[PDB]
Ligand SMILES: [Zn+2]
Ligand SMILES: [Zn+2]
Ligand SMILES: [Zn+2]
Ligand SMILES: [Zn+2]
């Protein structure tokens, strides 16, 4: 799996709103406040 | 450094107050803590 440029954490959450993969710290950040995310099983 | 989660291998960077224990972000996503107050720690 790729890691986040902002936070260095695993890119395993798909943000439906932004049509992109984000990390758990992205999900906590103001930038994805209230955004629906889907956990990806690491392949 | 913080310990790593036995179940997921991710850093134990969240404290769950209701469960009185440190968890990782993958633990937090489980329905186990679905509605719990978690605190983010740094290191
Ligand atoms: Zn991120
Ligand atoms: Zn988003
Ligand atoms: Zn965990
Ligand atoms: Zn909990």
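No value in this document is a laboratory result; all are computed from the given coordinates. With ideal geometry, Cβ positions are generated from the backbone for all residues, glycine too; neighbour counts draw on all protein chains shown.
Under 6 Å between Cβ atoms, which residue pairs at least 6 apart in sequence (or on different chains) link something in region A:1-20 that is more than 20 Å from residue A:43 (Cα to Cα) with a partner that is in a loop (DSSP other than H, G, I, E, B) and near ligand 1 (Cβ under 9 Å from one of its atoms)?
Once the first residue is more than 20 Å from residue A:43 (Cα to Cα) and sits in region A:1-20, its partners that are in a loop (DSSP other than H, G, I, E, B) and near ligand 1 (Cβ under 9 Å from one of its atoms) give A:7/A:23.
Take the residues of region A:1-12 that are outside any strand (DSSP E or B) and closer than 23 Å to residue B:38 by Cα: which is farthest from the other protein chains (Cβ to nearest Cβ)?
Applying the filter and picking the extreme gives A:6.
If you go through region B:6-28 one residue at a time, how many are under 8 Å from the mean Cα position of the chain (by Cα) and within 17 Å of residue A:10 (Cβ to Cβ)?
Matching residues across region B:6-28 total 9.
Can you report the number of residues in region A:25-43 which are in contact (Cβ under 8 Å) with a residue 24 or more places away in the chain and either under 16 Å from residue A:7 (Cβ atoms) or in contact with a helix residue (DSSP H, G or I) (Cβ under 7 Å, 6 or more places away or on another chain) (or both)?
Summing the residues that are in contact (Cβ under 8 Å) with a residue 24 or more places away in the chain and either under 16 Å from residue A:7 (Cβ atoms) or in contact with a helix residue (DSSP H, G or I) (Cβ under 7 Å, 6 or more places away or on another chain) (or both) in region A:25-43 gives 2.
Which residues, counting only those in region B:25-43, are within 16 Å of ligand 1 (Cβ to nearest atom) and either within 11 Å of another protein chain (Cβ to nearest Cβ) or in a helix (DSSP H, G or I) (or both)?
Those that are within 16 Å of ligand 1 (Cβ to nearest atom) and either within 11 Å of another protein chain (Cβ to nearest Cβ) or in a helix (DSSP H, G or I) (or both): B:25, B:26, B:28, B:29, B:40.
Step by step: first the residues of region A:13-24, then only those that are touching a helix residue (DSSP H, G or I) at 6+ places or on another chain (Cβ under 8 Å) and not in a strand (DSSP E or B), then the one that is nearest to ligand 4 (Cβ to nearest atom). Which residue is that?
By that ranking, first place goes to A:24.
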